[PDB]
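Heads up: the structure comes next, in structure tokens.
Every chain is numbered from 1, with letters handed out A, B, ... down the list of sequences.
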Amino acid sequence: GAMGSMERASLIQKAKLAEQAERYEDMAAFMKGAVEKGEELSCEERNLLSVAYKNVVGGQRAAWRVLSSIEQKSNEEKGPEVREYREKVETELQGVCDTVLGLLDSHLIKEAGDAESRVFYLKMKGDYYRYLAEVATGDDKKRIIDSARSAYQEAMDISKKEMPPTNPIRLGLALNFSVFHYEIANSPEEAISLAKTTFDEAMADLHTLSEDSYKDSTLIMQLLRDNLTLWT
Amino acid sequence: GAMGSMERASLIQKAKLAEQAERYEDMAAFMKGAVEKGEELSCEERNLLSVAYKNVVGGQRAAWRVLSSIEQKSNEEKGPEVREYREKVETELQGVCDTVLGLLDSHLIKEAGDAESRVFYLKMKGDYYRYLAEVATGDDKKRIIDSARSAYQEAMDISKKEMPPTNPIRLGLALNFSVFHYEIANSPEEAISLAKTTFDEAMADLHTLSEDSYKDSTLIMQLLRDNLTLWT
Amino acid sequence: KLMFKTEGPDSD
Amino acid sequence: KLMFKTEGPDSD
Ligand SMILES: N=C(N)c1cc2c(Cl)cccc2s1
Ligand SMILES: N=C(N)c1cc2c(Cl)cccc2s1
Ligand SMILES: N=C(N)c1cc2c(Cl)cccc2s1
Ligand SMILES: N=C(N)c1cc2c(Cl)cccc2s1
Ligand SMILES: N=C(N)c1cc2c(Cl)cccc2s1
Ligand SMILES: N=C(N)c1cc2c(Cl)cccc2s1
Ligand SMILES: N=C(N)c1cc2c(Cl)cccc2s1
Ligand SMILES: N=C(N)c1cc2c(Cl)cccc2s1
Ligand SMILES: [Ca+2]
Ligand SMILES: [Ca+2]
Ligand SMILES: [Cl-]
Ligand SMILES: [Cl-]
Ligand SMILES: [Mg+2]
Ligand SMILES: [Mg+2]
Ligand SMILES: [Mg+2]
Ligand SMILES: [Mg+2]
Ligand SMILES: [Mg+2]
Ligand SMILES: [Mg+2]
Ligand SMILES: [Mg+2]
Ligand SMILES: [Mg+2]
């Protein structure tokens, strides 16, 4: 690993600097190096890992959708270029998803014993399978979808047993699993039911929160409301 | 070259697709490959080359300024990390400038005989020396500044002899040379004089233009006005 | 394509 | 730092 010679603390400091500089490819490479030190991640470090790769894969998903849309127009050939370049972006996206799933499998999920860490990592495993599902078309698409569902389901089971209904990790999980249902699993009723039950159970727990916890919870509850407004 | 096996026409098509996908690193790599085919560039192709690298170096300049500002705060040590990471971004910026100057020197400028092409390339040579000057501090800073001034000056001499005062390439040159004067050469009076004379000579030529040429000219004249409003 | 709200940076 | 207007994409 290219980050093998850098101190763990220096990798984390540099991930924070890369985030301020909007250098998300650098931020992800620093956090990959921090993970490969083999120590469990703190809550802040798990968030740095997630923010870095979400930004990198975000740019790739946006580029992929632009190229896929042009390819579809262009097949409704004018040569192989649009397909070749969509494939190049798709392969790069798949490699970033593969890298993140590799970090989770070696060995973040297996050492994560607290509900906060284990749910966080299982949610990420769900998300990166879901990003793979968005571009999957072959004999693999069913198996990728099932891998997303399995990770999200284990995260949901733990979150319901171990976390209050307003826990922002639990809320962000349920948000993401509901979007999975709506547009990957073709299960809009499941998506709506999950988003509604999640919203309503959080609403009833808000009275237990400080002003700071209340802001963190209601920010994610607003995303559930925004989706329900589009879906119903 | 990694693009050596791809058709020139396919590289240009893919540069256009990368631009739609906001994949500017890809766009620059495709246009570098197109340049290394050894054929002169059309006006559209010169603009694709310029847009690609301007976007790439733009992100690097923005990151560099963030890190330089933190480094300066941090010296008004807390370890070598801020300096190391600023140096990493600086070295990457310098390599992109080096790559562009290498394309101009091998062999875009020497085969460019028309005023439109030759001024375009000499302006770019000025710009990439200016980006190098923004981060230069050593025994090289004077020589880099002089290289920027020399390229901008040859471009200005040709543009005044060969192009009307409203020519958008001539206008964008004078804009950039005036900013060079203001904040690289420490010559604010030269910057203001250049921006004013350029604005006033363009104003007096607008009557000769079609509605489309008038929009192209007045868009750059607005940038000269915006700078003069900050400077006077 | 209409991307629904999901957790964290809206980076796409 | 206050970047003045220059030609083309304002990408910084
Ligand atoms: N963007 C970041 N650097 C961070 C995000 C978070 C979150 Cl969301 C929770 C706890 C800690 C952190 S640190
Ligand atoms: N962008 C940052 N520097 C930070 C973001 C957050 C969040 Cl989102 C929660 C708690 C802590 C932090 S620190
Ligand atoms: N890039 C991909 N298509 C995939 C990556 C992974 C990983 Cl890393 C584990 C299990 C399954 C998968 S599928
Ligand atoms: N629990 C319900 N009956 C519903 C809740 C919502 C919300 Cl919160 C937004 C839009 C639509 C709906 S329908
Ligand atoms: N962004 C682009 N693809 C292009 C920009 C220009 C300009 Cl500015 C002039 C003539 C042609 C072109 S093509
Ligand atoms: N972004 C694009 N696709 C284009 C931009 C321009 C400009 Cl700026 C001038 C003449 C032509 C073009 S085509
Ligand atoms: N990266 C750099 N510092 C420089 C690049 C170039 C080039 Cl390519 C030619 C003449 C001078 C210079 S200085
Ligand atoms: N030629 C002049 N006297 C000046 C022209 C301008 C403009 Cl155009 C903007 C702001 C300030 C000034 S002073
Ligand atoms: Ca997508
Ligand atoms: Ca700069
Ligand atoms: Cl390609
Ligand atoms: Cl570094
Ligand atoms: Mg490494
Ligand atoms: Mg150590
Ligand atoms: Mg593929
Ligand atoms: Mg129904
Ligand atoms: Mg090449
Ligand atoms: Mg050929
Ligand atoms: Mg240096
Ligand atoms: Mg004076």
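With a 4.5 Å cut-off on non-hydrogen atoms, B/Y24 does not touch chain D at all. Looking at B/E134, only its side chain comes within 4.5 Å of chain D, counting heavy atoms on both sides.
The main-chain N or O of D/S11 is never found under 3.5 Å from a side-chain atom of B/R61 such that the two would form a donor-acceptor pair.
Residues B/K54 and D/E7 are not paired through a salt bridge, judged by the lack of any N-O separation under 4.0 Å between the basic side chain and the carboxylate.
Within 6.0 Å of the CD atom in B/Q153, the count of heavy atoms belonging to other residues, nucleotides or ligands exceeds 12. Residue B/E25 qualifies as open at atom CD: its count of foreign heavy atoms under 6.0 Å is 12 or below.
With D/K5 as reference, B/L223 is the one residue of B/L223, B/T229, B/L224, B/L228 to meet the side-chain contact (heavy atoms from CB on, under 4.5 Å) rule.
Here the straight-line distance linking atom OG1 of D/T6 with atom CZ of B/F180 works out to 13.5 Å at 0.5 Å rounding. Residue B/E183 holds its CD atom at 5.5 Å from CE of D/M3, rounded to the nearest 0.5 Å.
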